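Sequences listed follow chains V and Z, in order. Numbering-wise (PDB author numbering), the first sequence opens with residue 134 and increments by one. If you use PDB author numbering, the second sequence corresponds to residues 268 to 277, 293 to 320, in order. Ideal Cβ positions, reconstructed from N, Cα and C, are used throughout, including at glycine.
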Amino acid sequence: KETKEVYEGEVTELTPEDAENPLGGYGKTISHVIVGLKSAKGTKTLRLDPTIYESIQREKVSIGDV
Amino acid sequence: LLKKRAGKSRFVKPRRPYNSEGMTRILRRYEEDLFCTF
């Protein structure tokens, strides 16, 4: 027997924000990722790790996806 | 002077060089997390 914590639904927004002081020699130093989720009778925006943006780009998650 | 010269006269290791050129950066500091990509 196990317990699972699950976030799921339709993606409403996907804004990888950029930091206050970027470092030189790089592009778009990300401080956090804000992603909005929409499901049945409920929506919730999140505030995720910057590392998960790499997996988001890897799995080709775009707008309108579940 | 030559005779006097003949009579009277006859540490921490440095760290390794760190090289990261053209590679991405993940920084996990005490209060914020950063991700520098290309």
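Rounded Cβ spacing between residue i and residue j (contact assumed at less than 8 Å)
i: V/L156; j: V/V168; result: Rounded, the Cβ-Cβ distance is 24 Å, inconsistent with contact.
i: Z/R307; j: V/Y159; result: 7 Å
i: V/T136; j: V/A152; result: No, V/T136 and V/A152 are not in contact; Cβ-Cβ is about 35 Å, not under 8 Å.
i: V/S164; j: V/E141; result: Wrong, their Cβ atoms sit about 25 Å apart, outside the cutoff.
Contacting residues, own chain, Cβ-Cβ under 8 Å from residue i (five flanking each side not counted)
i: V/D198; result: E143 and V144
i: V/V194; result: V144 and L147
Cross-strand partners of residue i (DSSP beta bridge)
i: V/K177; result: V/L170
i: Z/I308; result: Z/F317
i: V/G160; result: Z/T319
i: V/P149; result: V/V166
i: V/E143; result: V/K171
Same chain only: Cβ atoms within 7 Å of residue i, ignoring 5 sequence neighbours per side
i: V/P149; result: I163, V166 and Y186
Problem - Contact set between the stretch 155 to 176 of chain V and chain Z, restricted to residues whose Cβ is under 7 Å from the partner - result: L156, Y159, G160, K161, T162, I163 and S164
Practice task
Examine the Cβ distances between the stretch 170 to 186 of chain V and the stretch 306 to 317 of chain Z and report whether three or more of them are shorter than 8 Å.
Solution key: yes
Exercise for the section: Output, in sequence order along the chain, the residues in the stretch 304 to 316 of chain Z whose CB is closer than 7 Å to any CB in chain V. Expected result: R307, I308, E314, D315 and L316
Practice task
With 8 Å as the limit, tell me which residues of the stretch 178 to 195 of chain V have their beta carbon closer than that to any beta carbon of chain Z; keep them in chain order.
Solution key: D182, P183, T184, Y186 and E187
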